[PDB]
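Heads up, the chain below is alone and in the form deposited in one PDB entry; it's given as structure tokens.
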């Protein structure tokens, strides 16, 4: 598939940088014809078929295909796509309230109500994706963005579909691997992957939201991965002494090694800690 090859600077003005990644940079932009603002994500293309730098065209096309299908309050949307010889440029919805990660750093930890306010939205977004057989594969606080961080109950959107895949056969067996602290055991062990991997990540996010601590974090990436595979985590009393047993129950049913025994997104929405 081919994208718009006109110079993006002919249609948009760019501003402040909103994010920087291994092969991507995000800049705030404004469309000249409407005055509306967006987030422009510049993704570096591979220069040769046998290169490790840049993103393969197959990977870029997959991300765009997935982004073009989604429209939900809790997920980012795609406005337009441009490309030149160096980059593919995604013009995405602007989410200007910052990362959930940064919001958490400001509060240290959240009350159960504050945590479930965010979690309900994350679950709603993931329910939408899973309904479409889309696995995100990179859920973490840095990939959750608030629309406005200065309101009592912030609205959030899931971003960064760079690792997302359609799961048409129940599982996929590809080169997929995200951030060590949030990946499921099946990712660590290079086993077939499905929608269940996202549910594990949600369990990790929940633990962090309630305690301010990462459940499997080791001193090195390899130690973290080994901890994940062994399901080496516990609820430290210092952090969870006043956390309800039902919150712990929710987490416990997500941080399960066997994906077939882990709660599904539908199960999580009906769990007594979440169900209103």
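Think of the rigid core as the biggest set of C-alphas that the two forms share within 1.5 Å after superposition. Positions refer to the first chain, counted from 1.
One more form of this protein, deposited in another entry, exists but is not displayed; see below.
In the core-aligned comparison between this form and the one not shown, the C-alpha of 109 is the only one from 133, 189, 77, 109 that shifts by 2 Å or more. Relative to the superposed core, residue 172 shifts its CA atom by 2 Å or more between this form and the one not shown.
Relative to the shown form, the Cα atoms of residue 36 and residue 151 move together by 3 Å or more in the other form.
A change of 3 Å or more separates the two forms for residue 36 and residue 152: their C-alpha atoms lie closer together in the other form.
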